[PDB]
Structures are given as C-alpha cells and as structure tokens.
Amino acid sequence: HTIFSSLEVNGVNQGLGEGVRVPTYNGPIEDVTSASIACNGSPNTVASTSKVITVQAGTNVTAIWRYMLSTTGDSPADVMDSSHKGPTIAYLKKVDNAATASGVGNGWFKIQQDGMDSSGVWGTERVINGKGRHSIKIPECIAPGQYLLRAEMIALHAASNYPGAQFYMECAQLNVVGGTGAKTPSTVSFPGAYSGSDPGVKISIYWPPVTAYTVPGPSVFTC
C-alpha cells in the first residue's frame, strides 16, 4: 500500500500530485486485464492535474513513493510495508497531450526495472529504505514531446496464486525536451503486457526461496 505521489527533477520536487495523477487511496490494482492497470483507476479514484513537467532527455527523474498523500516523512514505514517485496519498474508512452491522454492501450515501452539483486535484495526494498526514491532514466534517443511516465512497484508477498500480486502505479505527465528521436521503441499495451500466468506475477517468493526473478513485461528499451 503506497502511492507515487510526486516527481523530483533536477533536484527539485515538483509538488504533491503536481504533474502526477494521484489516487487518495493507496490500495493496489490486482486485475492485470483492467483498464486501471495502465495509470491506476477504478475501484480507486485518481485526480487529474494540468501540470506537465519538463525534463531533459538523457537525465534521470525520481519517483517519490509514500504510504499516503498525507505522509510527511520518508522513513521505511512512510513509504511501504517491508513485507511488500518485489520489483520496481517504469515505462513511457508517447501521447498527444500528457494532461488528457488516458494511458490505456498500446504505446508503452519499459525504461527501468529493478527486480532482485545478487544479494537477494528486491527493488521495492531499495525504495522503502531509500527515502521512497525510485530513479528512472529518460532515454536520450527518444523523440521529444508529450509523454506519460508510468512508475510501478509490484508487491509479491501474497502472489503465490493469481490474483495475488499487488500492482501500485501512477502516471506522471512529461514534456521531454532534447530527445534526438534517433530510435523508435517497440511497444506493448496496458492492459496486455502482463498476464496472471507470468513467472514474475504468479510466484511464491518463499517456496522455495527465490534467488533469481523475471520481471514481467518487455525488455528494457536502450539507446
């Protein structure tokens, strides 16, 4: 139970729910076939925002995860419960207008993921114990313009069966400047990119102890 509730760019936090479409409820989406898997949604309620955040291509932005919209701190309990082990992931989608595009459908490409490292520590644990910070590189080689940024944490503590995996995501509204457009990513759809039978979605992280993990979705796009 967590919310990506603000974005930091060039060392500056852009504001609570400012350029990030935030729910007030911190509950997960558990149905990978729902339209809500793209940018959150029903049975949650997601606020709109007119702010579109300018970011230079080739630089990193930082999604800031918090337990609730009211959360002031950045200690582990202020981010997400430590039971919620799983990957962090981020995607972009080129859109006409980042303030109005829904995010549902094709066009997403993956730009970051952090599953389990060689010491057995999960991406979500780095966020939980790193002040809620989820660092994501905007590729240098994509076309400039309006994008949605979908940042996600998947909690797998209750994922032995499907439904079970808990998907926490929000979309930020970006204006990417300085992208060269040298490469056009292959894309996937939300809903569509994840299935309940994926080895990273239906997974007992305890029986047996997991030593390696396959993050769901496509390969990370690289320049």
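Start at 1 with the first residue shown and count on from there.
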Original post:
Out of 54 to 62 and 158 to 166, which one has CA B-factors that are higher on average in the deposited record?
Top reply: 158 to 166
Original post:
On average, are the C-alpha B-factors higher in 190 to 198 or in 22 to 30?
Top reply: 190 to 198
**OP:** Quick one: which of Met153, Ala143, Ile138, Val121 shows the highest Cα temperature factor in the PDB entry?
**Re:** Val121
Original post:
Between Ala99, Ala77, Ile111, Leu149, where does the Cα B-factor run highest in the record?
Top reply: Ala77
**OP:** Among all modelled residues of this chain, ranked by Cα B factor, put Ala90 in the bottom, middle or top third, i.e. lowest, middle or highest.
**Re:** lowest
**OP:** Within this chain's modelled residues, let me know which third the CA B factor of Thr45 belongs to: lowest, middle or highest.
**Re:** middle
**OP:** Would you please rank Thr184 by its C-alpha temperature factor against the other modelled residues of its chain and give the third it falls in: lowest, middle or highest?
**Re:** highest
